[PDB]
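Data block below; observations after.
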Amino acid sequence: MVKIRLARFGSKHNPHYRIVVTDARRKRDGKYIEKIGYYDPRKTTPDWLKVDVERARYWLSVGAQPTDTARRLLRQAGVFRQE
Amino acid sequence: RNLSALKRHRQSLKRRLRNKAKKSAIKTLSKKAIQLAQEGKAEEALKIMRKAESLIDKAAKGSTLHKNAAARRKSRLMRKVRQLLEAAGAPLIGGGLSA
Amino acid sequence: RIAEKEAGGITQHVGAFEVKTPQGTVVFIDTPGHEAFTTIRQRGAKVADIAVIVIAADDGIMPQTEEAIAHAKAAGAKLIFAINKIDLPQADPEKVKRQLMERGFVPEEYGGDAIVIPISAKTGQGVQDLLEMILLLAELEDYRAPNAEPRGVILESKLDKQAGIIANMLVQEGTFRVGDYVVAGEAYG
Amino acid sequence: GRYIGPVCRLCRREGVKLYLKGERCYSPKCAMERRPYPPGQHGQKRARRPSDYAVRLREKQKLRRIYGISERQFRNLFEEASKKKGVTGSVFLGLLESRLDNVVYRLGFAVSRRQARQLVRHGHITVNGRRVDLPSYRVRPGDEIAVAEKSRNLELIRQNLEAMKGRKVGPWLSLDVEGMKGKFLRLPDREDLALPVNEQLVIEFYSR
RNA sequence: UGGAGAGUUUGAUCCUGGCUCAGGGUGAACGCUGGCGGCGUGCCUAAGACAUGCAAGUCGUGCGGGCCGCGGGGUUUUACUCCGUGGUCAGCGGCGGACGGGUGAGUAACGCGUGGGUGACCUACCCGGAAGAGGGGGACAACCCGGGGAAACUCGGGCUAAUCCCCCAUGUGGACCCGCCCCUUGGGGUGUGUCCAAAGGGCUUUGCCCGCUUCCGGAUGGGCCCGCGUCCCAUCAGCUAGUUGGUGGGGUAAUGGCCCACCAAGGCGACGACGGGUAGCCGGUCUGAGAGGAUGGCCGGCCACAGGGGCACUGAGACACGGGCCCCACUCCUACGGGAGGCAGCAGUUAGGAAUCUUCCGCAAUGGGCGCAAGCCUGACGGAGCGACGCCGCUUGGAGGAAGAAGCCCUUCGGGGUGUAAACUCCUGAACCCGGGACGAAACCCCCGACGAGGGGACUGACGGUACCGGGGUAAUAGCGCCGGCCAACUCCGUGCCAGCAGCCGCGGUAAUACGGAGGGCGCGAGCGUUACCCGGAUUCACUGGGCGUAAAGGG
Ligand SMILES: [Zn+2]
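Residue numbers (the authors' numbering), protein chains in the order written: chain P, 1 to 83; chain T, 8 to 106; chain a, 97 to 241, 243 to 286; chain D, 2 to 209.
What follows is the structure, encoded as structure tokens:
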């Protein structure tokens, strides 16, 4: 299936995560469909995490089933919140 | 040595057997239908064809032929039967044919 | 020590076995037995805490035997003596005893310092007695071998299909655990 | 690692004053004045005509010594300069200057470049809040260096300040002599620095 | 935004022209030397053999069963029993084991790269919607008995559940033949006829949750086909017999010579086929002014193989790395009849070899799989260990300080050199010890809100007591190459075409700026040089940008 998931890049002890859309059976670094956002765990930057919302929503609609952490991140950003 | 994946193999064996039963029987039925068509017996032949079709469908439903393969098989059989019927008969029961 | 079968007259073997007693455990050496004098003298390592001397009923006491005795003495051991093959008709333990006396070693039945137990190596005879004697010697002489800085000894080094570079170690001091850095000679790991 | 070892020997080798001690390297003592010739035996000998390569090499060495850096680092800096657009020489020089130690030296925080570097290393030098201990720190313009909180009351620093009390600083620099502060303002151009080095020669040397 | 040459055929010249060298780089290696720290990275050789440990399972919210545990009895006890249970243990049943991880032998090919095509197609799980889920029957493990066999294991009889299987009913629908219509290859719609659905558990149970069955729509994942690009050899010139096309059928999810029957005799080829060697390919990397040239390590994709070969089975997907069957090869046991194996998973063992790490800790993060969930699993991964193997960062002090100590070295005997270097004064304070001490980890979980959005709660650290901060606190490893020209930097002693050096010209046969040493220098520096390859210089394969009267070269 298709998942919204976090791809580790970066350095040892300096992790960086790509909030990304990809197939379930892939390398956690692998050929992903689209880069929707990015997240730094270490909170080192002011704009530490950011995801484009509309694209994410579209993906969800299509049926992109997110990872739990990813979902949390999305919620934090303001994707799942509706009015 | 030794892993709990032998279970899977065992399962497959059983499934294989069931599949074989489904498939061989179906094939036999098809052959019978063809034979019937050969001379021009029509009604019994038609019945047999219908039965074969049903069997095929059942197989498709289960984990045997599946998908469009079954449909293709049906088409192959049915068309052949129709062709054979052109050498005497015409749809007697109504049956598998579209008349 | 366990009751299984005989391995044969092969001149190799794996390493030291552990014989079981009602008082404790006794380690017995089963390397290549004869040595053919592997080393004339190591440096003064004390491989074995004690050393028994086997004497045949047909051969008697040999230069080899003498050398072994000397080695044992060098190591630091109260020598126990064993008269082998006493069930066969050519056996003469008295002669052996006399020879020992001549050499210098006086048994306890005459009044001295040496320990003499004859054994039969075919039927099953006096082994228990011998063991008991050994145990007594151990408590008497106070030959006892962990919180101290660990120390061992290499008995033999070989190669295996079902392992690798393998080294048969006997522990003198300390507690050896799997997953620790050690050096032995110039070779380490 | 540093050069480390005999200093004014290098100066002697070039034949132009290199100011590698500050004082004494100012007085009649840098060995430029007492003796002006290259070190070791054949220094006082007949000076032979040097090859085209050689002059350039010498110039490069002079430069490196003046800035007190490892060769690899220097090379890297040069490469970076080349990559960036402008005047590959002047820009390079500016970049070199931007090395924290050099800046410190300029601001009169320490009387010698090596000394400055040492000071920087030993947490005595702070760049906008944090004590920075690596002289390879490159400072981008409009940025504040200061003598560290707990190093403000040490004698050497005071002496340095006194020395630089009265005598002015470079046009790319400003220093608060009261509170041991120093802003690096402009990025130092070549025209600002009346250095004996010719960058062109260095560039040529590098080329092949 | 970018391009350095030089030494050398000669008595000297001019060229033509090779060789050699500086430049940079490597998955390198070797030598000497060797403080740390960050990060990257480490069998490029035998795709040789492989031990040991682990590398893929999980669901009791699918189901029966044994072993135990409890709360309570029925049970005097003992049973047996009943549930709630707590775990286990194996079985069935499902989902995953086709992902992840490795290696690069083969394959020079639609294998890849690339741009399309698929009216010739699949897509379990995911989401979007639609429609359902009515009844009846059955076997099979496990289990019990009974054997056979050294073991591996295994056959026989019987029992029993279930989301296992079957059968009937319904039909939203779809499946197929035939017809018709619109399309345009098998796309869409419709009519008659035939055929096809399913299955349940969970509770806070009259209510929802997870699952289910059929369908269409999507989503991703591919399968297959084609356009062009894809190494050297012409001393490989003809190759082909399912081979090229057809008709019919089979087989496929689907086309097709994929396979078969039959007809036809083609098809490809010098615009380089077939043959041999070579080689995974690329995104890239290294180099280069660029054009190019070489390489394909790590990382990312794709392919291919999991001792060699062959082949199916099960499923959404394999011709299946830690499944299967079979033959061979080999290792391992055998009660000689037979089985067990597969590290190109991590670590490690050997063996080859110049050469390559730890049988490490962890599920904490991310991701994977299963699961309602907790959670379980995870040698993916996160990290730590070792190696100057790369690359970068810092230390080995700083400031004084002789018209110049000693030591050593040369000298023309005055002197010069080492060298402000040292000693010595002053100052700082890696190491080091204490004191603290992380970011990474806020969620899934619970409760309030409808199990939605939203609100609060809490736990959860291998790295690691590490990084890092606060206090203290020692002056605290310098080495290697070269020094005739290229090419940076010179003297003396010793040696006497010897010993040696050398990359090239060549130095050495008694005053050697080329050899050994010493001083001195110069280059770099925790490194430096040697070796090997690659590119560069080499416009020495020249497209940009070479030439051919006499140089190599015009064919008679
Ligand atoms: Zn000076």
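From the three backbone atoms N, C-alpha and C, an ideal C-beta is built for every residue, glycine too.
Query: Close Cβ partners of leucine 186/D (< 7 Å) along its chain, the five nearest in sequence each way excluded; Result: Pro142, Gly143, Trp173, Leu174, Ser175
Query: Outcome for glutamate 60/D when other beta-carbon atoms lying within 10 angstroms are tallied against a minimum of 16; Result: buried
Query: Cβ-heavy atom distance, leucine 176/D to ligand 1, below 7 Å; Result: no
Query: Pick from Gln45/T, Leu43/T, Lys48/T, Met85/T that is closest to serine 61/T, judged by C-alpha positions; Result: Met85/T
Query: Per-residue DSSP class, three states only, for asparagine 265/a; Result: strand
Query: Residues near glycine 172/a in its chain [Cβ-Cβ closer than 7 Å; skip 5 each side]; Result: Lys142
Query: Pair within 8 Å by beta-carbon distance, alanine 56/P and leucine 73/P; Result: no
Query: Top-ranked residue by Cα proximity to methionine 181/D, from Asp190/D, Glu34/D, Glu156/D, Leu188/D; Result: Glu156/D
Query: Any non-hydrogen atom of ligand 1 closer than 7 Å to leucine 21/D Cβ; Result: yes
Query: Span of the beta strand (DSSP E), counted from its first residue to its last, around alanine 178/a; Result: 176-179
Query: Contact test: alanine 111/D Cβ vs ligand 1 heavy atom, cutoff 7 Å; Result: no
Query: Member of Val123/a, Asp209/a, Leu256/a whose CA lies at the smallest distance from the CA of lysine 174/a; Result: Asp209/a
Query: Rounded straight-line distance, which links the Cα of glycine 109/D to that of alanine 164/D; Result: 8 Å
Query: Within 8 Å, strictly: CB atoms of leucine 135/D and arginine 66/D; Result: no
Query: Where the alpha helix (DSSP H) containing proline 189/a begins and where it ends; Result: 189-199
Query: Proximity test, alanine 32/D beta-carbon vs ligand 1 heavy atom, cut-off 7 Å; Result: yes
Query: Short Cβ contact (8 Å threshold) for residue 220/D with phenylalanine 93/D; Result: Missing from the structure shown is residue 220/D; chain D here goes from 2 to 209 and no further.
Query: For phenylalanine 75/D, the first and last residue of its enclosing alpha helix (DSSP H); Result: 72-84
Query: Buried/exposed call for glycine 276/a, threshold 16 Cβ in 10 Å; Result: exposed
Query: Boundaries (first-last residue) of the alpha helix (DSSP H) holding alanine 95/T; Result: No alpha helix (DSSP H) holds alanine 95/T; DSSP gives it neither H nor E.
Query: According to DSSP, residues forming a beta bridge with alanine 210/a; Result: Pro203/a
Query: Spatially closest choice to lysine 184/D from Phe75/D, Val170/D, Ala195/D, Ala48/D, by CA coordinates; Result: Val170/D
Query: Neighbour-count burial assignment, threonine 44/P, 16 or more Cβ in a 10 Å radius; Result: exposed
Query: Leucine 252/a vs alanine 112/a beta-carbon contact at 8 Å; Result: yes
Query: Beta-carbon separation (whole angstroms), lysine 29/T vs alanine 77/T, contact threshold 8 Å; Result: Their Cβ separation, rounded to whole angstroms, is 11 Å, which puts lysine 29/T and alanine 77/T out of contact at 8 Å.
Query: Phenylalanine 113/a (DSSP reduced to helix, strand or coil); Result: strand
Query: Backbone CA spacing between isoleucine 41/T and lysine 21/T [nearest angstrom]; Result: 30 Å
Query: Cut-off 6 Å between Cβ atoms - residues of its own chain near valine 53/P, not counting five sequence neighbours on either side; Result: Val79
Query: Whole-Å CB distance - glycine 69/D paired with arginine 118/D, under 8 Å assumed; Result: 7 Å
Query: Of the listed residues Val148/D, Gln201/D, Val198/D, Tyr207/D, nearest to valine 178/D (C-alpha basis); Result: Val148/D
Query: Assumed close pair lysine 30/D, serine 113/D - CB separation to whole angstroms, cut-off 8 Å; Result: So it is not a contact: roughly 13 Å between Cβ atoms.
Query: For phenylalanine 124/a: DSSP bridge partner residues; Result: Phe113/a
Query: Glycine 120/a versus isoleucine 98/a: straight-line alpha-carbon distance, rounded; Result: 15 Å
Query: Straight-line gap, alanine 49/T to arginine 17/T (C-alpha atoms, nearest Å); Result: 44 Å
Query: 8 Å Cβ shell around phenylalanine 133/a - same chain, five flanking residues per side excluded; Result: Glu163
Query: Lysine 3/P - DSSP class collapsed to helix/strand/coil; Result: strand
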